[PDB]
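Report on the following structure.
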Amino acid sequence: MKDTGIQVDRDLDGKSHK
Amino acid sequence: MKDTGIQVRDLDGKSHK
Amino acid sequence: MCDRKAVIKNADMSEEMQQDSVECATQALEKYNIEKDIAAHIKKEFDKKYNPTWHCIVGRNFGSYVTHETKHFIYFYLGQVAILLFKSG
Amino acid sequence: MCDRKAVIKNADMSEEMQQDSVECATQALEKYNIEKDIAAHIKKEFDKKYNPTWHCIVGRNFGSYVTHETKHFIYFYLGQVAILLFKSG
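Protein chains in written order, with the entry's author numbering: chain D, 1 to 18; chain C, 1 to 8, 10 to 18; chain B, 1 to 89; chain A, 1 to 89.
Put into structure tokens, the structure is as follows:
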């Protein structure tokens, strides 16, 4: 089995807010 | 067997907390 | 007009499954519009049809690590939110 | 170089396991200080010792759904970041 790896952290704050 | 459920707050950032 | 959007990043599964997940995820947003719920819908729907166990992740700032057999792994951003899905067995 | 508060919320695993994960997680921060890296090293260690397959996620803004065998689930906040760990087999 292949180990999935990721690290999301998009600064899509823009006008609104994450 | 049981399906885990979650939905994570700006603990730390620009505003700082 | 938009249909079957979402950008692929970690493709690794049958075209139908990946396209169904993307479309299925899109609907989830339309019906719930919540990263948490999105995983719930796609999770049970696939586990029921394709059989478990499909793991799902959705958000906009989170580190993840998991294991999975070959030909069962997919990841793609959509609706200003990253989505992940892949069965395990 | 081991002690750490960390709050538990979804306790669902042997005390020692959860304690080892919490303590092991602490070391991860000091050794790596990264949500992804921490989850990677800790996941492998537990799989090797307790046997696969452990799933780990860490961050502070993400919705998710996953399946797992009984007594194989744990969740707790620490280091200003939500920590998740749970094996399946």
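Don't be surprised by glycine CBs; every beta carbon is placed ideally from N, CA and C.
The beta-carbon of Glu69 (chain B) is placed less than 9 angstroms from the nearest beta-carbon of chain D. For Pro52 (chain A), the closest of A:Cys24, A:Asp3, A:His72 by C-alpha to C-alpha distance is A:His72. Contacts between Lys18 (chain D) and chain B, judged by CB atoms closer than 7 angstroms, involve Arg60, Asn61 in chain order.
Here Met17 (chain A) is buried. Its C-beta has 16 or more other C-beta atoms within 10 Å.
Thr67 (chain B) is not a Cβ neighbour of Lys36 (chain A), given a cutoff of 9 angstroms. In this structure, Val8 (chain C) sits near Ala82 (chain A), with a CB-CB distance shorter than 9 angstroms. Chain-order list of chain D residues neighbouring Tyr65 (chain B): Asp3, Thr4, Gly5, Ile6, by C-beta distance under 9 angstroms. Chain C has a Cβ within less than 9 angstroms of the Cβ of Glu35 (chain B). In terms of beta-carbon proximity, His72 (chain B) stays away from the interface with chain A, with every pair separated by 9 angstroms or more.
Beta-bridge partners assigned by DSSP to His55 (chain A): A:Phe86.
Check the Cα spacing between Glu23 (chain A) and each of A:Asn10, A:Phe76, A:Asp12: the tightest is with A:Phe76.
Using beta-carbon distances, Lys48 (chain B) does not count as an interface residue toward chain A, since no partner is under 9 angstroms.
Between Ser64 (chain B) and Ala25 (chain A), the CB-CB gap reaches or exceeds 9 angstroms.
Chain A places a beta carbon closer than 9 angstroms to that of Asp9 (chain D), counting this residue as a contact. In this model, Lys49 (chain A) and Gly89 (chain A) are separated by some 14 angstroms (Cα to Cα).
Against chain C, a Cβ distance below 8 angstroms from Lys87 (chain B) picks out nothing, because the smallest value is about 13 angstroms. Here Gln18 (chain B) carries a helix assignment [DSSP, helix/strand/coil]. At least one CB atom of chain C sits nearer than 9 angstroms to the CB of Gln80 (chain A).
Between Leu84 (chain A) and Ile57 (chain A), the C-beta spacing is below 9 angstroms. Sequence-distant Cβ neighbours of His17 (chain D) in its own chain, meaning closer than 8 angstroms and more than five residues away, do not exist here.
With a 10 Å radius around the Cβ and a threshold of 16 neighbouring Cβ atoms, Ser14 (chain B) comes out exposed.
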